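S.K.: please work out how this folds:
(chains A and B)
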Amino acid sequence: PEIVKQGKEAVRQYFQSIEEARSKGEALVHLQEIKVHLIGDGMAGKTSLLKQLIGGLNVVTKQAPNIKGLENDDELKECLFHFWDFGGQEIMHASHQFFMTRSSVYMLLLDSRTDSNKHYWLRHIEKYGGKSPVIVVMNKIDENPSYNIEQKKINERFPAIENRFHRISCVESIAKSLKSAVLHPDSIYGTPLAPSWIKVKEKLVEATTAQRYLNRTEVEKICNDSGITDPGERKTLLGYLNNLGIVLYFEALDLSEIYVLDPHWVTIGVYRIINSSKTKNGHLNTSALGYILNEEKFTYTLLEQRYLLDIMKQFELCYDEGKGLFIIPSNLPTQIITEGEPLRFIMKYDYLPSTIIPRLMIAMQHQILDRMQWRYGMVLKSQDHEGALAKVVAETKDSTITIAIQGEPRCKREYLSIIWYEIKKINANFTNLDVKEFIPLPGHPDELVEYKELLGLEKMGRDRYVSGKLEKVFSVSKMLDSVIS
Amino acid sequence: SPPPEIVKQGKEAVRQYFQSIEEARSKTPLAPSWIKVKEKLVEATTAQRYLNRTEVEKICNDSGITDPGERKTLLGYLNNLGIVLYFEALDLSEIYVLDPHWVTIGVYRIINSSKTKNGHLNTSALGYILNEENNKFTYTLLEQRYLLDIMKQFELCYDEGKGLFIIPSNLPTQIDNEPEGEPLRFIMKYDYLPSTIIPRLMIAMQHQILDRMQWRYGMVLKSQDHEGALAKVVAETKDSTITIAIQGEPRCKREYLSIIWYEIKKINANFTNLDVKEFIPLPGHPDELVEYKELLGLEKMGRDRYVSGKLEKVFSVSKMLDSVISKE
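M.R.: Numbering: from 1, shown residues only, chains lettered A, B, ... in the order given. The protein structure is shown below:
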């Protein structure tokens, strides 16, 4: 059982489906479908590499025999490849977790001129895809023969590369790595499916791609035509295909009229919103959608536009404030305290996802001050906490989130924990994220002690935190009871 | 009133600059003779790739610059401005004043050759590397010899060498013979870490790089002068950090660290803004760094235990400091 294991009744339907197919004497087929995410700085040759193999958003889908290295390979004759290029903006992440973590191959593209961003992109792949296989391609080698990277070290730190490093100029080897990635013990070929599921998938794909989306009646016809009539498994099948990002299906919205969608039409929809000059400031005037989507192949009617907004909401890319004015936090301006003993609490990421602050802003929308919110932070006020005032700011250069709070001491602590929680809840959506929590030293805002350090000093039964470079001692408990207790 | 280029060039240049203006008076501002020489040198160096000492001296004497010291400060001036290349350190009158472009694409061709893929320049390949791999871009035996000398002056490579030159920036990222007893462990963390630090340290320490134990991001130094002490200097680009691990007797260890540390500092000084903090790892726990000035603070305050909360353990501050620097 794949991670369709979400839904007790889902688990049941899957077994049921491969039981009737076992009883009718049919062989359990495989999905034979894969997502290749091209990852890299703008042009480190994403288009050029792709040109080499086949002979801003987009997909190109190519079957294995057409990929440069695999022409005569039988093992995956029937296999499909979906080359995805998100900006570096992983739009599917919030609502389609598995789209990124399952069924995926990450293909990192580096060159001499882009080499220093390698560490960033390596962690980017780690946190978005999970245990997904990764393939490192070094490009433009013809211009700099000496160009290489600390492979051993990189492979030790990132065991999902499994030594799939390639030096390329003027490629058939990258196809062996692709083959290797697809056949991963835990990727697609590990899950037997009933022929039914594969049949309706194919019919569903042809349809959605051709006629932007399908209505409830249409998909139900397709399902009966392949002899899937139980609504309980039809839901789980669509559930499954959605989880895999083959076809989109939003059970939360559940509109009969736009029931199952071509992933491409939806993605090109939100990108046009995201990158429109009429949302350049972080404000979407609903009126503008017609212009944005249609005049500024892929056309969007009035109904479609409303639905697309809802998808953005589901993707956690925006929120309604109630004027027909949505906020898109990631497009906000980059630019827009010290009452009592202001509680400060700092969170150090090894990689700070650029979706964190946008997603926290949504979780917290109700408490934002006087629209005192910007690309890198927000001001939060809760009457529920005597009128405490908190500032959550994000510094990209340090991969750090700072929380400063004003108010009575019981208020501060309890407020922190609710902001702290919401942050931790977002963090959990990313795989091996690595956050360390700090506390500035009293009288020395820039000197930080690790919260883990203090707790450890308490378990030891020590009350002194000794700063050698300052030559001052501090009460472990006193600064600790400012945070929890 | 002299320009920075002349100042940097030393006292004699500043004097020679002044002689130049005082002399003209009787007949950045400069004398009509310096521009005349410049104009003629530029003119000469677009029909010739270079000029010899005689040719240059002739051009100079025609503009009235007979003083050999004045000649040398003006060529040094023109050099510092990349208008005309001139290498005071080098001693070959045959190739005396050079065309910048001819040098530029010469050094480019060397460093970016497929024959220097892995940091080894096998000089006998030079004729091939520079010519075959615009007839202005020809390089004869003597001309390729000189190019190496320029490259050494630019600290891009050194001589191993039985016709073998090392180009550190081009060395493999990993090697087959990397090696690994209370070894001294000392690390420097940078705000930014120039790529040229390791290559430059290698040129400075080259005599002690003993078994080709050198890769792009590190080197193993072996000191005959420190009872066979072995030092392992590696740079890690992620943390922007340099780590020094030394193996030897206690005195030998920290003696040899002062030498390595000192060289890197003298490298660090060529960069206008470098922030470098010094750390020491906890015995048994390499991942866990404690700052050097922190351990120093602890000793002045007079306790001998460093207390780690993350891992419920205490350590001797005296032992840790003693691993890097004697008491005093």
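S.K.: outside of stretch A:423-433, which residues touch it?
M.R.: Contacting residues not belonging to stretch A:423-433 are listed as A:93-94, A:97, A:101, A:126-131, A:347, A:349-351, A:353, A:355-356, A:359-360, A:363, A:401, A:435 [C-beta atoms under 8 Å, 6 or more residues apart in numbering or on different chains]. The C-beta positions use only the backbone N, C-alpha and C, and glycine is treated the same way.
S.K.: ok, now which ones touch the nearest residue to residue A:444 once chain neighbours are set aside?
M.R.: Leaving aside its chain neighbours, residue A:444 sits nearest to residue A:470 (6.5 Å; criterion: C-beta to C-beta, 6 or more residues apart in numbering or on different chains). Going by C-beta under 8 Å, 6+ apart, residue A:470 touches A:441, A:444, A:447, B:297.
S.K.: quick check: phi and psi on the second one?
M.R.: If I follow you right, that is residue A:444. phi -140, psi 70 (degrees, to the nearest 10).
S.K.: enumerate the residues of the stretch 1-150 of chain A near chain B.
M.R.: Proximity of the stretch 1-150 of chain A to chain B, by C-beta under 8 Å from any C-beta of the partner chain, involves residues A:116, A:119, A:143, A:144, A:145, A:146, A:148, A:149, A:150.
S.K.: out of these, which two are the most distant from each other?
M.R.: Greatest spatial distance among the residues of the stretch 1-150 of chain A next to chain B (C-beta to C-beta): A:119 and A:145, at 23.3 Å.
S.K.: which among the contacts of residue A:470 count as buried?
M.R.: For the contacts of residue A:470, a neighbour count by 16 or more other C-beta atoms under 10 Å in any protein chain shown gives the buried set as A:441, A:447, B:297.
S.K.: re the thing from before, tell me the secondary structure for the residue nearest to residue A:444?
M.R.: Here residue A:470 is recorded as coil under DSSP: H, G, I helix; E, B strand; the rest coil.
S.K.: among the contacts of stretch A:423-433, name the ones in strands.
M.R.: A:347, A:349, A:401, A:435 (DSSP state E).
S.K.: which strands and helices lie in contact with the helix or strand containing residue A:293?
M.R.: Per DSSP states H and E, residue A:293 falls inside helix A:289-294. In terms of contacts (3 or more C-beta pairs under 8 Å, 6 or more residues apart in numbering or on different chains; DSSP states H and E), helix A:289-294 is packed against helix A:263-275, helix A:302-315.
S.K.: turn the ones you listed into CSV, including distance to chain B.
M.R.: Putting those into CSV (distance: least, C-beta to the nearest C-beta, whole Å) gives the following:
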stretch, distance to chain B
helix A:263-275, 31
helix A:302-315, 31
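S.K.: quick one, phi/psi of the nearest residue to residue A:147 once chain neighbours are set aside?
M.R.: Nearest residue to residue A:147 in three dimensions, chain neighbours excluded: residue A:112, at 4.9 Å (C-beta to C-beta, 6+ apart). Backbone torsions of residue A:112, given as degrees, to the nearest 10, read phi -40, psi -50.
S.K.: care to break chain A down by domain?
M.R.: Residue ranges for the domains of chain A, per curated CATH domains: A:1-31+A:190-261, A:32-189, A:262-336, A:337-438, A:439-485.
S.K.: could you list the alpha-carbon positions for the host helix or strand of residue A:393 in CSV?
M.R.: Per DSSP H and E: residue A:393 is located in strand A:388-395. Extracted C-alpha coordinates of strand A:388-395, given in CSV (Å, rounded to 0.1, in the frame of the first residue of the first chain):
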residue,chain,number,x,y,z
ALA,A,388,0.4,42.4,23.4
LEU,A,389,2.2,43.6,20.3
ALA,A,390,4.5,41.1,18.4
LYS,A,391,6.7,41.6,15.4
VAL,A,392,7.8,38.6,13.3
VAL,A,393,10.6,39.6,10.9
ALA,A,394,12.6,37.5,8.5
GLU,A,395,16.2,38.1,7.5
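S.K.: who touches residue A:462 in this structure?
M.R.: Counting by C-beta under 8 Å, 6+ apart, residue A:462 touches A:476, B:307, B:309.
S.K.: er, residue A:416 actually
M.R.: So residue A:416 contacts A:343, A:345, A:390, A:403, A:405, A:483 (C-beta under 8 Å, 6+ apart).
S.K.: just those: which are in strands?
M.R.: A:343, A:345, A:390, A:403, A:405.
S.K.: chain B: which of these is nearest?
M.R.: Of all the ones in strands among the contacts of residue A:416, residue A:345 has the smallest distance to chain B: 17.4 Å, by C-beta to the nearest C-beta.
S.K.: right, and that closest one touches residue A:413 too?
M.R.: No: using C-beta atoms under 8 Å, residue A:345 is not in contact with residue A:413, being 10.1 Å away.
S.K.: where do the contact lists of the two overlap?
M.R.: residue A:483.
S.K.: angles on the backbone of the residue of the stretch 201-350 of chain A found nearest chain B, please.
M.R.: Using C-beta to the nearest C-beta, residue A:350 is the residue of the stretch 201-350 of chain A that sits closest to chain B, at 9.6 Å. Main-chain torsions, residue A:350, degrees, to the nearest 10: phi -70, psi -30.
S.K.: partner strands of the helix or strand harbouring residue A:379 and their direction?
M.R.: In this structure, residue A:379 sits in strand A:377-382 according to DSSP H and E. Counting by DSSP bridges, the strands paired with strand A:377-382 are strand A:368-374 (antiparallel), strand A:388-395 (antiparallel).
S.K.: who's in contact with the residue nearest in space to the middle of chain A?
M.R.: Among the residues of chain A, the one closest to the centroid is residue A:93, at 2.7 Å (C-alpha atoms, centre = their mean). Residue A:93 sits next to A:99, A:100, A:128, A:355, A:429 when contact means C-beta under 8 Å, 6+ apart.
S.K.: okay, and the first one sits in which element?
M.R.: Residue A:99 is part of helix A:97-101, with elements assigned from DSSP H and E.
S.K.: who touches the helix or strand following that helix?
M.R.: Proceeding N to C from helix A:97-101, the next assigned helix or strand is strand A:104-110, under DSSP H and E. Strand A:104-110 is contacted from outside by A:34-40, A:44-46, A:49, A:118, A:121-122, A:125, A:129, A:132-139, A:149, A:178, A:181-182, A:187, using C-beta under 8 Å, 6+ apart.
S.K.: compute the first-to-last residue distance for stretch A:369-384.
M.R.: Stretch A:369-384 stretches 14 Å from its first residue to its last (C-alpha to C-alpha, to the nearest Å).
S.K.: er, stretch A:316-328 actually
M.R.: End residues of stretch A:316-328 are separated by 9 Å (C-alpha to C-alpha).
S.K.: just give me how far that stretch sits from the chain centre.
M.R.: Here stretch A:316-328 is found 20 Å from its chain centre; the criterion is C-alpha atoms, centre = their mean, to the nearest Å.
S.K.: one more: stretch A:59-75?
M.R.: Chain-centre distance of stretch A:59-75: 27 Å, with C-alpha atoms, centre = their mean.
S.K.: quick one, what contacts the residue nearest to residue A:90 when sequence neighbours are not counted?
M.R.: Excluding its sequence neighbours, the residue lying closest to residue A:90 (C-beta to C-beta, 6+ apart) is residue A:128, at 5.3 Å. Neighbouring residues of residue A:128 by C-beta under 8 Å, 6+ apart: A:90, A:93, A:100, A:101, A:430, A:431.
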